[PDB]
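Since the structure comes first, as structure tokens, the remarks are kept for the end.
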Amino acid sequence: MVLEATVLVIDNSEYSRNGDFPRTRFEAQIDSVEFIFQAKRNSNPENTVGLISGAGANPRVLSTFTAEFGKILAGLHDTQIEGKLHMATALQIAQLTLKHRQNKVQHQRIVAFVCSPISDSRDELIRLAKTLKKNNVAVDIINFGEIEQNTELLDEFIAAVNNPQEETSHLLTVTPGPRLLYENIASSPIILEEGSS
Amino acid sequence: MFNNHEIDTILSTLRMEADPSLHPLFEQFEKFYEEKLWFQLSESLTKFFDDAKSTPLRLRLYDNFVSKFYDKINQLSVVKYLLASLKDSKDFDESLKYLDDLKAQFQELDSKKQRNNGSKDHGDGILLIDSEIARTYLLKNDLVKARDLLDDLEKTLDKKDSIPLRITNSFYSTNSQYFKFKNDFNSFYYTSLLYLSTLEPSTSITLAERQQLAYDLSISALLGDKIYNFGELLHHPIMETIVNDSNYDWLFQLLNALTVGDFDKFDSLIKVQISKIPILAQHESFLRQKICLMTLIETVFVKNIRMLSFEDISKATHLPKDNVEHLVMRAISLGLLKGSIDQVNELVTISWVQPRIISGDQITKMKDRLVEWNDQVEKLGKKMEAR
């Protein structure tokens, strides 16, 4: 629709290598970033997508906002393949990342793919949701594969940041059916209701 | 039981869409052998929390699982088990068959990256099998063929290493068994110190390996004359993790015999089941030579005078003037003291080398000494401003 800044937060933890996708799901997110990159770059004439890995590699940044997909796809193979996922310190990295974008009129949005549930307490997400809500930061949560063995631990994070779909607080639940990876987030209201595909 | 059937199926359901490694017949086989909660072999993350209860003799089925294990998890996960699991079973025959069929960078390396062998968690079989073979002939055959393949492993670690200490502790475990069968307790003492420092953080922190290590730390501390005598024993919690009896009490008698000097303490400090080793016969007088000498140094020290005489040493060591220059010069040549001994005037000059650990007595004393230096410089500094 309009200009926006998209930040993709992947999961490098130990449960990200599971078989939710054929071969290794750790290599599946390579196509997830490519699907969002081709969808957002073709929608607007100027758009950039960032990449932040906060699981097991410490809150580092593989690639920041850029218009080239060469270094983004290459950094996913040599990164840390196993670790512990922490969503409390990972979302704070993308908050300071949005100030480095191209245009200041772009909408602030954070897209995070959560594979396994975090072991940290949910009390930190309460104060974290109120921080992103005051700055009007869109939160996109994709929870898949962790619903079978555990309940969603980010529901309390969404309840505090809860806002109508026209602003922030976008929560998604992917059905564990025999469906392709790029088709799971395609039917979800992510790239839908935009200017062009 | 059904523990491996129910738990691994739920885990494999996430680890693979359609489980290749789930066989209704193989799941019933694990229940027939081991009916307890602790299973000798498992898959996914269950095998990490469950080790072999008694002995892993049923691992023959674990090797067949590797063929269908690739579609679930990469082969990095099965290298830490098998060859390295058979080491706890004290059987080198069944492990040797898989050592030659794999070796390094033949069957293990095609599309797979380098995890730096098997030290911790997942890994490949490149540098681990070379380390297992070094310990295979070390705990079975002589030490001639063990060091020949150990040098290639030592030069590889020095040339290429990683951030964690997981590789060092696995490397120190190889040298720990190498110097144990030898007659040199000085190199074995320093080897066990590096193995103990890396054992506590990770890599089998359980007390099973610490009981066999503490038995070697007691032998290396009493016989080894290299690093102090009892000084290093107080740094690491060695005696705190073991009992005080069954020939573990001799470590406590080391501090009392060196400080006091009673002859009846040394005779009862080690019995004939140990002291029969000729190494202690030469080191019997080398243990008390350092403590009795360093005790007299701090006693005679006032300001500028560390000088000692023969009568002061002859009372502590109970030896004539001939044995005074023999024992002290040996410790001086090792680099512990810069001083010397004058045989004519019966005077012994000693410099300051030993760092003199176990502090806390002089901290309050040296604090006022720094105030004296701070006052002299301040007074002389103000005089240079006016004049």
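Residue names in the structure tokens use chain letters A, B, ... in the order shown, residue numbers from 1 in each chain, and ligand numbers from 1 in the order shown.
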Where does DSSP see helix (DSSP H, G or I) in chain A, if you list the residues as a ChimeraX atom specification? /A:14-17,29-43,70-74,87-100,123-134,155-160,181-187
Could you list, as a count of residues only, every residue of chain A that has an atom within 7 Å of an atom of chain B, counting only C-alpha atoms? 5
Residues near region 50-63 of chain B, anyone? I mean within 8 Å using only C-alpha atoms, not counting same-chain ones fewer than 6 positions away, as a PyMOL selection string. chain B and resi 33+38-42+82+85-86+89
Region 179-193 of chain A surroundings by only C-alpha atoms, 12 Å radius, close-in-sequence under 6 positions cut, as a PyMOL selection string: (chain A and resi 1-2+6+19-22+25+27-43+109-113+138-144+165-166+170-173) or (chain B and resi 17)
Pull the strand (DSSP E) assignments for region 22-74 of chain A out of DSSP run on the backbone, and list those residues as a PDB file with C-alpha atoms, in the first residue's frame.
```pdb
ATOM      1  CA  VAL A  49      14.256  -5.513   4.296  1.00  0.00           C
ATOM      2  CA  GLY A  50      16.458  -6.142   7.327  1.00  0.00           C
ATOM      3  CA  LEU A  51      17.576  -9.375   8.969  1.00  0.00           C
ATOM      4  CA  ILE A  52      18.286  -9.932  12.673  1.00  0.00           C
ATOM      5  CA  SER A  53      19.265 -13.244  14.297  1.00  0.00           C
ATOM      6  CA  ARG A  60      23.648  -9.692  16.351  1.00  0.00           C
ATOM      7  CA  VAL A  61      22.506  -8.478  12.926  1.00  0.00           C
ATOM      8  CA  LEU A  62      23.258 -10.522   9.813  1.00  0.00           C
ATOM      9  CA  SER A  63      22.100  -7.886   7.316  1.00  0.00           C
ATOM     10  CA  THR A  64      20.495  -4.469   7.738  1.00  0.00           C
ATOM     11  CA  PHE A  65      18.197  -2.629   5.321  1.00  0.00           C
ATOM     12  CA  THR A  66      19.422  -3.199   1.768  1.00  0.00           C
TER      13      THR A  66
END
```
Which neighbours of residue 95 (chain B) fall inside 10 Å, counting only C-alpha atoms, when residues of the same chain fewer than 4 positions from it are skipped, and could you give them as a PDB file with C-alpha atoms, in the first residue's frame?
```pdb
ATOM      1  CA  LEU B  82      28.507 -44.897  19.310  1.00  0.00           C
ATOM      2  CA  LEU B  83      32.331 -44.775  19.188  1.00  0.00           C
ATOM      3  CA  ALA B  84      32.456 -42.346  22.117  1.00  0.00           C
ATOM      4  CA  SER B  85      29.721 -44.223  24.005  1.00  0.00           C
ATOM      5  CA  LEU B  86      31.561 -47.559  23.756  1.00  0.00           C
ATOM      6  CA  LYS B  87      34.446 -46.019  25.723  1.00  0.00           C
ATOM      7  CA  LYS B  90      35.331 -50.665  28.385  1.00  0.00           C
ATOM      8  CA  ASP B  91      35.153 -52.556  25.073  1.00  0.00           C
ATOM      9  CA  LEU B  99      37.104 -46.776  13.333  1.00  0.00           C
ATOM     10  CA  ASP B 100      38.667 -48.177  10.152  1.00  0.00           C
ATOM     11  CA  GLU B 132      39.713 -42.210  19.874  1.00  0.00           C
ATOM     12  CA  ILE B 133      42.365 -44.340  18.161  1.00  0.00           C
ATOM     13  CA  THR B 136      42.378 -47.006  22.013  1.00  0.00           C
TER      14      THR B 136
END
```
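Using only C-alpha atoms for every distance, the candidate list A:154, A:96, A:118, A:76 yields A:96 as the residue closest to residue 137 (chain A).
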Applying 10 Å and only C-alpha atoms, which residues near residue 129 (chain A) remain after dropping the ones on its own chain fewer than 5 positions away? List them as a VMD selection string. chain A and resid 88 91 124 134 137 139 156 to 162 169
Export of the given selection (C-alpha atoms) as a PDB file, in the first residue's frame:
```pdb
ATOM      1  CA  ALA A  88      12.794 -10.371  24.890  1.00  0.00           C
ATOM      2  CA  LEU A  91      12.645  -7.397  19.566  1.00  0.00           C
ATOM      3  CA  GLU A 124       9.366  -8.957  30.318  1.00  0.00           C
ATOM      4  CA  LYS A 134       3.832   4.066  22.333  1.00  0.00           C
ATOM      5  CA  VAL A 137       5.467  -0.190  15.864  1.00  0.00           C
ATOM      6  CA  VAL A 139       4.267  -6.415  15.397  1.00  0.00           C
ATOM      7  CA  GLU A 156       0.378 -12.092  26.629  1.00  0.00           C
ATOM      8  CA  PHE A 157       2.739  -9.973  24.521  1.00  0.00           C
ATOM      9  CA  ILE A 158      -0.045  -9.417  21.978  1.00  0.00           C
ATOM     10  CA  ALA A 159      -2.717  -8.712  24.611  1.00  0.00           C
ATOM     11  CA  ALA A 160      -0.856  -5.681  25.985  1.00  0.00           C
ATOM     12  CA  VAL A 161       0.002  -4.261  22.539  1.00  0.00           C
ATOM     13  CA  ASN A 162      -3.504  -5.168  21.353  1.00  0.00           C
ATOM     14  CA  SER A 169      -0.915  -6.102  16.960  1.00  0.00           C
TER      15      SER A 169
END
```
Near region 137-144 of chain B, counting only C-alpha atoms, which residues have an atom at most 9 Å away, once you skip same-chain residues fewer than 5 positions from it, shown as a ChimeraX atom specification? /B:92,132,174,177-178,181-182
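The gap separating CA of residue 55 (chain A) from CA of residue 84 (chain A) is 5.3 Å, in Å to one decimal.
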Go ahead and compute the interatomic distance for CA of residue 35 (chain B) and CA of residue 1 (chain B), in Å to one decimal.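 These atoms are spaced 5.2 Å apart.
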Gap from CA of residue 279 (chain B) to CA of residue 179 (chain B) - Å, one decimal: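 Taking CA of residue 279 (chain B) and CA of residue 179 (chain B), their separation equals 14.3 Å.
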Could you tell me which of B:255, B:126, B:227, B:79 comes closest to residue 334 (chain B) if we count only C-alpha atoms?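 Comparing B:255, B:126, B:227, B:79 against residue 334 (chain B), the winner is B:227.
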Which residue is closest to residue 280 (chain B)? Choose from B:185, B:26, B:98, B:230 and count only C-alpha atoms. B:185
